[PDB]
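What follows is a short report on a single structure.
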Amino acid sequence: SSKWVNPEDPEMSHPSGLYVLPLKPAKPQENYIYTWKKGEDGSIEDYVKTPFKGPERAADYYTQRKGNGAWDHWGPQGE
Amino acid sequence: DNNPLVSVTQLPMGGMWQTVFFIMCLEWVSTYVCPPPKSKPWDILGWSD
Amino acid sequence: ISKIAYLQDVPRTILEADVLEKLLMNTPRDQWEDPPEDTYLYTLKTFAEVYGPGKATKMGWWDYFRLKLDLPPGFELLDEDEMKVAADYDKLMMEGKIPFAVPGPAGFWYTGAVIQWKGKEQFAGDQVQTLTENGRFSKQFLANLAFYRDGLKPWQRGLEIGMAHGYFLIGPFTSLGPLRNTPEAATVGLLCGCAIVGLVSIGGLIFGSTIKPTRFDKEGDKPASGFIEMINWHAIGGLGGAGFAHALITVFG
Amino acid sequence: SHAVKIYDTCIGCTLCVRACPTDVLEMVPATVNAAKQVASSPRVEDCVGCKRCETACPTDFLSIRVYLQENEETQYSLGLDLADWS
Amino acid sequence: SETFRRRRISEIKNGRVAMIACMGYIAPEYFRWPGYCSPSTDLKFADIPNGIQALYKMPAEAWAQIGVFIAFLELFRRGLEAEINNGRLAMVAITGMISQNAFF
Ligand code: CLA
Ligand code: KC2
Ligand code: KC2
Ligand SMILES: CC1=C(/C=C/C(C)=C/C=C/C(C)=C/C=C/C=C(C)/C=C/C=C(C)/C=C/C2=C(C)CCCC2(C)C)C(C)(C)CCC1
Ligand SMILES: CC1=C(/C=C/C(C)=C/C=C/C(C)=C/C=C/C=C(C)/C=C/C=C(C)/C=C/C2=C(C)CCCC2(C)C)C(C)(C)CCC1
Ligand code: SF4
Ligand code: SF4
């Protein structure tokens with residue numbers, strides 16, 4: 005009764021072991037970093053989440069990670 | 180000499196100028212790099228955040 | 531209260547009126563009906579149900595002695611002000627505010643200040659507020675460090691950082707090196723400081739080649755280009771600062 | 042990740058499921074035993090390897106076995122908190 | 004751009020300091036201030052030399068105090084065209100004079 009379908013082997017269950025498909029957000033969160041934001045009137049904030057165009061660290065190790073699963077092994081249903 | 184006013188004169192000019200320079204640097208940092216808010220000019224350490 | 535049978539007309543001998551009032555105030559209201567077994571109110575209930583008007587009006591000397599031993603005196607229970615202070619303390623801590631204190635000798639002093647312990651992200655342990663990192667002075671100082679300063683090119687950042695690093699690095703070898711007593715102490719220390727600058731810059735180049743930070747990179751530029759530029763200019767600035775310190779030492783003895 | 046396997050000696054007492062710290066296991070209908078249920082391990086990706094299921098297993102030798110695989114360690118099996126591999 | 008503005012400020016400043024250095028090179032030979040530059044060590048302006056030798060001669064304490072004063076100063080349109088042109092001339096003159104003193 006699990007909606008998840010195993011991509012590698014349809015007969016077996018999905019590696020996730022879940023029964024409800026994921027819910028996508030209205031707009032996916034964009035990459036950001038916590039930095040200061042000088043207030044233009046002498047003030048300054050400490051942890052201000054500000055957009056970041058690309059990966060904070062462009063190493064192949066960092067960028068290869070998609071978060072779909074432990075090894076990104078979940079099918080398209082993971083997203 | 181134990182008298183502090185005599186000890187000032189007994190101290191080397193090296194140490195005296197080092198002290199003056201250190202206090203000048205502290206003042207510069209506190210008044211230009213990390214100026215206190217206009218509402219609390221005495222809040223040097225930025226407690227009012 | 532009147533609805534409590536055992537609390538009605540409790541004889542003065544079993545417990546004084548003032549001490550009874552203090553005990554009731556200290557105890558939670560919900561526990562008056564049937565207090566837990568290990569409480570002064572439970573002892574009072576158990577013994578008032580057996581002794582008092584309309585019941586046993588006498589007690590053995592030893593039984594009364596034990597009863598007075600195990601019932602509370604007035605000074606043992608908390609006062610109104612003490613209970614208020616404890617309640618305010620707990621309320622502050624639960625609201626996420628911390629009555630500021632600094633540890634002292636085998637203890638901590640209260641500075642009289644209430645700070646906002648919890649940050650913008652309540653569940654984030656990285657964002658708990660502290661004067662050391664989240665105060666205005668600390669924020670401004672860290673933001674104005676060369677690594678962070680606004681409107682600075684990576685070469686400027688690296689040059690300033692390296693100037694500082696080399697200038698202070700030459701000294702330890704000059705003063706405490708094997709050749710510290712020889713006439714070439716300053717020059718050997720300068721060489722050692724330049725070597726240290728080179729080693730740390732090589733480490734930074736490895737870091738930028740492996741992790742590749744992209745916070746200093748220009749738009750549409752190779753990843754970690756800004757970081758590598760900053761590290762190269764840190765090497766240059768370290769050489770320059772070491773040389774300047776050595777020149778000052780040599781010229782001014 | 043570790044390998045959590047269940048064998049037919051299972052009697053379906055649910056103690057492994059109740060002892061699971063990260064909810065890797067779940068009871069499923071079966072006809073092999075009198076209890077008419079056997080523990081399963083669908084979410085083995087979350088198994089940390091604490092062997093609390095193994096501790097709670099009653100059978101003479103365990104009807105549930107956790108095989109540790111240090112080479113295939115993931116962040117979920119390592120319980121990483123300060124660092125994120127996702 | 005930002006680089007041009009920074010370079011303009013740097014040039015103006017290097018020109019001002021170069022006029023100052025040229026004047027400080029020229030004046031001492033003509034005349035020198037009296038009054039025991041360093042009374043503690045019995046040092047006087049007539050005794051101190053002019054040029055790169057002053058760096059070694061006058062005490063490191065005096066040089067450090069001068070440096071502290073400059074640090075305080077730093078930390079705390081025909082006229083402008085003439086200023087910048089004279090800055091260029093003075094920079095050339097001071098670099099030439101210092102190079103000549105060091106070489107010879
Ligand atoms: C930690 C203990 C220790 C200390 C204090 C020293 C000290 C010394 N050793 Mg060493 N040594 C040690 C352990 C130590 N050794 C050990 C374990 C061994 C055996 C492997 C040796 C073997 C050894 C040899 C064979 C020799 C020395 C020598 C020396 C001298 C020069 C070292 C040098 O060039 O440093 C270079 C120093 C630096 C690069 C700077 C690092 C330290 C700075 C000052 C830290 C500053 C941090 C700062 C406060 C942060 C502020 C941040 C922010 C707030 C601004 C010096 C007296 C030499 C000598 O001739 O001695 C007389 C020498 O030939 N040592
Ligand atoms: C006010 C704050 C202050 C700061 C922040 C500060 C920092 C540093 C640093 C780090 C940045 C270094 C590396 C450093 C080094 C030396 N300091 Mg110094 N110093 C300060 C104060 C004094 C005083 C009062 C005296 C003094 C001295 C010396 C001597 C002695 C040399 C010698 O005796 O040959 C040496 C080597 C004495 C002196 O100049 O004696 C002639 C002296 O009286 N310092 N000092
Ligand atoms: C232009 C920048 C400048 C300023 C703003 C400035 C301010 C003050 C103040 C103000 C608060 C005091 C109180 C003071 C005191 C002394 N100064 Mg100083 N001074 C400056 C420059 C020089 C130079 C070039 C020399 C010098 C000296 C001395 C001596 C020691 C004399 C001696 O040697 O007996 C003493 C007592 C001489 C020196 O250190 O000689 C080893 C020396 O040559 N100063 N100086
Ligand atoms: C920002 C900046 C900076 C930075 C820095 C950094 C970031 C660094 C890092 C660095 C690094 C990152 C380094 C590294 C190092 C390394 C090492 C130290 C290694 C070692 C190794 C080993 C030990 C190995 C071994 C082996 C072999 C080889 C083979 C096989 C076996 C074995 C494994 C044993 C600087 C200061 C420049 C300046 C300013 C700016
Ligand atoms: C906390 C504390 C402190 C600390 C301090 C410190 C940490 C300091 C630092 C210091 C430092 C660390 C300094 C440094 C400086 C540096 C310099 C001053 C440099 C300069 C340089 C130059 C000038 C260069 C040049 C060049 C180049 C760059 C290249 C080419 C060549 C030439 C030569 C041109 C004290 C003790 C006060 C006490 C109180 C508390
Ligand atoms: S694995 Fe063990 S505890 Fe779990 S149902 Fe089977 S026999 Fe019972
Ligand atoms: S080892 Fe621990 S986490 Fe893994 S299945 Fe057994 S009880 Fe659950």
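So the sequences go chain by chain: A, B, C, D and E. Under the numbering used here, the first residue of the first sequence carries the number 5, and numbering increases by one thereafter. Under the numbering used here, the first residue of the second sequence carries the number 180, and numbering increases by one thereafter. Under the numbering used here, the first residue of the third sequence carries the number 531, and numbering increases by one thereafter. Under the numbering used here, the first residue of the fourth sequence carries the number 42, and numbering increases by one thereafter. Under the numbering used here, the first residue of the fifth sequence carries the number 4, and numbering increases by one thereafter. Here a beta-carbon is modelled for each residue, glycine too, at the ideal position from N, C-alpha and C.
Check: Which of helix, strand or coil does DSSP assign to C:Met-589?
Finding: Along the third sequence, read from residue 1 onward, the residue named residue 589 of chain C stands at position 59. In this structure, C:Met-589 counts as coil in the three-state DSSP scheme.
Item checked: Chain-ordered chain E contacts of C:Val-781 [CB-CB under 7 Å] -> Residue mapping note: residue 781 of chain C aligns to position 251 of the third sequence, counting from 1. Going along chain E in sequence order, the residues near C:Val-781 (Cβ under 7 Å) are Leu-58 and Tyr-59.
Check: Which residue's Cα is closest to the Cα of C:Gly-688: C:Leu-735, C:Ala-716, C:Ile-700 and C:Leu-661?
Finding: The residue labelled residue 688 of chain C in the question sits at position 158 within the third sequence. When only C-alpha atoms are compared, the closest one is C:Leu-735.
Next item on the list: Work out the CA separation of D:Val-107 and D:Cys-98 for me, nearest whole Å.
Entry: Along the fourth sequence, one-based indexing puts residue 98 of chain D at 57. Along the fourth sequence, one-based indexing puts residue 107 of chain D at 66. Their Cα atoms are separated by approximately 12 Å.
Notebook entry, point to check: Which residues, taken in chain order from the region 187–202 of chain B, show a beta carbon closer than 7 Å to some beta carbon of chain E?
Noted result: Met-192, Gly-193, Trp-196, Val-199 and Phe-200
Check: Does any CB atom of chain C fall closer than 8 Å to the CB of B:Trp-221?
Finding: The sequence position of residue 221 of chain B within the second sequence is 42, counting from 1. Cβ-Cβ to chain C under 8 Å: no for B:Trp-221.
Checklist line | Euclidean distance between Cα positions of A:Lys-57 and C:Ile-732 | finding: What you label residue 57 of chain A is simply residue 53 of the first sequence in a count that begins at 1. What you label residue 732 of chain C is simply residue 202 of the third sequence in a count that begins at 1. Near 28 Å, if we compare the C-alpha coordinates of C:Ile-732 and A:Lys-57.
Item checked: Alpha-carbon to alpha-carbon, E:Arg-19 and C:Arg-745 -> Here residue 745 of chain C refers to the residue found at position 215 when the third sequence is read from its first residue. Here residue 19 of chain E refers to the residue found at position 16 when the fifth sequence is read from its first residue. Distance between the alpha carbons of C:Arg-745 and E:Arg-19: 38 Å.
Notebook entry, point to check: Do the region 45–53 of chain D and the region 760–777 of chain C touch if we need at least three Cβ pairs shorter than 8 Å?
Noted result: no
Margin query: Quick check: is the beta carbon of D:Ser-104 nearer than 8 Å to any beta carbon in chain A?
Written below: To locate residue 104 of chain D, count along the fourth sequence from 1; it is residue 63. By this cut-off, D:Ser-104 is not an interface position.
Checklist line | Uninterrupted alpha helix (DSSP H) stretches inside the region 653–689 of chain C (no shorter than 4 residues) | finding: 661–664 and 666–673
Check: How long is the line joining the alpha carbons of D:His-43 and C:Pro-743, rounded to whole angstroms?
Finding: Looking up residue 43 of chain D in the fourth sequence gives position 2. Looking up residue 743 of chain C in the third sequence gives position 213. Cα-Cα distance, rounded: 33 Å.
Check: Mind listing, in chain order, the residues whose beta carbon lies closer than 6 Å to a non-hydrogen atom of ligand 7?
Finding: D:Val-45, D:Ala-60, D:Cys-61, D:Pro-62, D:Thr-63, D:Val-65, D:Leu-66, D:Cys-88, D:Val-89, D:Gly-90, D:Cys-91, D:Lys-92, D:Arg-93, D:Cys-94 and D:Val-107
Item checked: Distance between E:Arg-10 and E:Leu-92 (C-alpha atoms, nearest Å) -> Along the fifth sequence, one-based indexing puts residue 92 of chain E at 89. Along the fifth sequence, one-based indexing puts residue 10 of chain E at 7. In a straight line, the C-alpha of E:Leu-92 is about 17 Å away from that of E:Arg-10.
Next item on the list: Confirm the yes/no value for this check: CB of E:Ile-29, any heavy atom of ligand 4, distance under 7 Å.
Entry: Residue mapping note: residue 29 of chain E aligns to position 26 of the fifth sequence, counting from 1. Not so, every heavy atom of ligand 4 lies at least 7 Å from the Cβ.
Check: So, is the C-beta of C:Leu-661 closer than 8 Å to a C-beta in chain B?
Finding: For this step, residue 661 of chain C is matched to residue 131 along the third sequence. Chain B, which has a Cβ nearer than 8 Å to the Cβ of C:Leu-661, makes this yes.
Checklist line | Range of the contiguous beta strand (DSSP E) that encloses D:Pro-70 | finding: Position 29 of the fourth sequence holds residue 70 of chain D. Run containing D:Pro-70: 67–70, per the beta strand (DSSP E) assignment.
Check: Since D:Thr-115 meets chain A, which of its residues come closer than 8 Å, beta carbon to beta carbon?
Finding: Locating residue 115 of chain D in the fourth sequence gives position 74, where the first residue counts as 1. Per Cβ cutoff of 8 Å: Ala-74 and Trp-75.
Item checked: Straight-line gap, residue 826 of chain C to C:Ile-534 (C-alpha atoms, nearest Å) -> Only positions 531 to 783 of chain C appear in this structure, which leaves residue 826 of chain C out of reach.
Notebook entry, point to check: Whose beta carbon lies closer than 5 Å to any heavy atom of ligand 2, going through the chain in order?
Noted result: B:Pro-191, B:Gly-193, B:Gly-194, B:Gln-197, B:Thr-198 and B:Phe-201
Item checked: Rounded Cβ spacing between residue 4 of chain A and C:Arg-666 (contact assumed at less than 8 Å) -> Beyond the ends of chain A as shown, which are 5 and 83, falls residue 4 of chain A; an answer cannot be given.
Check: If the cut is a Cβ gap below 8 Å, which residues of chain B does A:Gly-46 touch?
Finding: Stepping through the first sequence from its first residue, residue 46 of chain A is reached at position 42. Going along chain B in sequence order, the residues near A:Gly-46 (Cβ under 8 Å) are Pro-214, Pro-216 and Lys-217.
Next item on the list: Quick one: using the 10 Å Cβ neighbour count with 16 as the cut-off for buried, is C:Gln-659 buried or exposed?
Entry: As a working mapping, residue 659 of chain C is identified with position 129 in the third sequence. Under this definition C:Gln-659 is a buried residue.
Next item on the list: Identify the contact partners of E:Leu-76 in chain B, using a Cβ-Cβ distance below 9 Å as the criterion.
Entry: In the fifth sequence, residue 76 of chain E corresponds to position 73, counting from 1. Near E:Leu-76 there are no residues of chain B at all, since even the closest Cβ is about 11 Å away, more than 9 Å.
Item checked: Neighbouring residues, chain A, relative to C:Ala-676 (Cβ below 7 Å) -> Stepping through the third sequence from its first residue, residue 676 of chain C is reached at position 146. Per Cβ cutoff of 7 Å: no residues; C:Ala-676 is ~15 Å from chain A at best.
Checklist line | Closest residue to D:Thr-72 among D:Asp-49, D:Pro-62 and D:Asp-122 (Cα-Cα distance) | finding: As a first step, residue 72 of chain D must be located in the fourth sequence, where it is residue number 31. Ranking the options by Cα distance to D:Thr-72, first place goes to D:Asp-49.
Notebook entry, point to check: Can you find a C-beta in chain A that's less than 8 Å from the C-beta of C:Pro-684?
Noted result: Position 154 of the third sequence, counted from the first residue, corresponds to residue 684 of chain C. Taking Cβ atoms only, chain A never reaches closer than 8 Å to C:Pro-684, which makes this a no.
Check: At least one CB of chain D closer than 8 Å to the CB of A:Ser-5: is that the case?
Finding: Locating residue 5 of chain A in the first sequence gives position 1, where the first residue counts as 1. False, the Cβ-Cβ gap to chain D never drops below 8 Å.
Next item on the list: Apply the 10 Å Cβ neighbour rule to B:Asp-228 and answer buried if 16 or more other Cβ atoms are within range, or exposed otherwise.
Entry: Position 49 of the second sequence, counted from the first residue, corresponds to residue 228 of chain B. Under this definition B:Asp-228 is a buried residue.
Next item on the list: Evaluate C:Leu-675 with the Cβ neighbour count: other Cβ atoms within 10 Å of its Cβ, from every protein chain shown; 16 or more gives buried, anything less gives exposed.
Entry: Here residue 675 of chain C refers to the residue found at position 145 when the third sequence is read from its first residue. Result: exposed.
Check: Does the Cβ-Cβ distance between A:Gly-46 and B:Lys-217 come in under 8 Å?
Finding: Here residue 46 of chain A corresponds to residue number 42 of the first sequence, with the count starting at 1. Here residue 217 of chain B corresponds to residue number 38 of the second sequence, with the count starting at 1. Yes, these two residues count as a Cβ contact at 8 Å.
Check: A:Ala-63 CB to nearest chain C CB: under 8 Å?
Finding: Stepping through the first sequence from its first residue, residue 63 of chain A is reached at position 59. Closer than 8 Å to some Cβ of chain C, the Cβ of A:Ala-63 qualifies, so yes.
Check: Under a three-way DSSP split, which group does C:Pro-702 fall into?
Finding: Numbered from its first residue, the third sequence carries residue 702 of chain C at position 172. Of the three classes helix, strand and coil, the one that applies to C:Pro-702 here is helix, per DSSP.
Next item on the list: Evaluate contact between the region 603–622 of chain C and the region 533–551 of chain C, counting only Cβ atoms and requiring at least three cross-stretch pairs below 8 Å.
Entry: yes
Checklist line | Cutoff 8 Å; reference A:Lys-41; Cβ partners in own chain excluding five residues on either side | finding: Residue 41 of chain A sits at position 37 when you count from the first residue of the first sequence. Same-chain partners within the cutoff: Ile-48, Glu-49, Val-52 and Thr-54.
Next item on the list: Classify A:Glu-49 as helix, strand or coil using the three-state DSSP reduction.
Entry: Taking the first residue of the first sequence as position 1, residue 49 of chain A is located at position 45. Of the three classes helix, strand and coil, the one that applies to A:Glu-49 here is strand, per DSSP.
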